[PDB]
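See structure below.
Where a number appears in this text, it was derived from the coordinates with a stated rule and is not lab data. In this analysis, Cβ positions are derived from the backbone assuming ideal geometry, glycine residues included, and neighbour counts consider all displayed protein chains.
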Amino acid sequence: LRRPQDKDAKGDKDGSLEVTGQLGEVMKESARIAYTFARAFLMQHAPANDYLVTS
Amino acid sequence: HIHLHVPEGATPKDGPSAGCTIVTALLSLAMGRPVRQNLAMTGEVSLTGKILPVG
C-alpha cells in the first residue's frame, strides 16, 4: 500500500501503480497489462470488493 | 475506459496498416458480438472509414 485506503467511500480515481526495481520498459507495459487484467479478473470474480481500483 | 494492447513485431511503418482491426475490436467489444470466426483482416483507414492501400 502507499496511502491509507479508506480515505473516502465515494472517491473515484485510479488506484495508481508504482513500478520499481530498475525495470526495463517492456516489463513496464507487461506490468500495466497484468495490472489491468487483475483488476478485471476481480470485478469479474468478486465484484463487491474494490480494493484495487480504489487504492 | 478500455485498456488496449497490440503486440509488437510490426515494423513501425506498418503500425497504421493494422489499424482497421482496432475498430472491429472496439465494435465487438462495444456491441458484444464476437467477430466471425476465421476471418483475418488488415489495412489502414483515413479517419472516416475510407480504406487505403498497403504493401
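To keep it simple, each residue is scored yes or no on (1) exposed (fewer than 10 other Cβ atoms within 10 Å of the Cβ); (2) at negative phi; (3) part of a loop (DSSP other than H, G, I, E, B).
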residue	(1), (2), (3)
B:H3	no, yes, yes
B:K13	yes, yes, no
B:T21	no, yes, no
B:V35	no, yes, yes
B:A40	yes, yes, yes
B:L47	yes, no, yes
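Is one or more of the residues making up region A:17-40 over 26 Å from B:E8 (Cα atoms) and surrounded by 11 or more Cβ atoms within 10 Å (Cβ to Cβ)?
Taking region A:17-40 and keeping what is over 26 Å from B:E8 (Cα atoms), we get none.
Within region A:17-40, not a single residue is over 26 Å from B:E8 (Cα atoms) and surrounded by 11 or more Cβ atoms within 10 Å (Cβ to Cβ).
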*On the given criteria, is A:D6 over 21 Å from B:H5 (Cβ atoms) and in contact with a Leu (Cβ under 9 Å, 6 or more places away or on another chain)?*
no
_Residue list for region A:14-40, filter: within 12 Å of another protein chain (Cβ to nearest Cβ) and assigned to a loop (DSSP other than H, G, I, E, B)_ = A:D14
_Odd one out for B:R33, checked against (1) over 14 Å from the mean Cα position of the chain (by Cα); (2) farther than 27 Å from A:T36 by Cα_ = (2)
*asked:* I need every pair where a residue in region B:4-18 that is closer than 22 Å to A:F37 by Cβ has its Cβ under 7 Å from the Cβ of a residue that is of a type in the set (G, A, S), sequence separation at least 6 or different chains.
replied: B:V6/B:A18; B:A18/B:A10
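Can you go through B:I51, B:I2 and tell me which one is among the β-branched types (V, I, T) and within 14 Å of another protein chain (Cβ to nearest Cβ)?
Details: B:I51 fails: within 14 Å of another protein chain (Cβ to nearest Cβ).
That would be B:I2, the only listed residue that is among the β-branched types (V, I, T) and within 14 Å of another protein chain (Cβ to nearest Cβ).
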*Considering each residue of region A:41-50, count those that are farther than 19 Å from B:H3 by Cβ and either of a type in the set (S, T, Y) or surrounded by fewer than 11 Cβ atoms within 10 Å (Cβ to Cβ) (or both), and give that number.*
2
_Residue that is within 11 Å of the chain's Cα centre (by Cα) and of a type in the set (S, T, N, Q), where the choices are B:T21, B:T11_ = B:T21
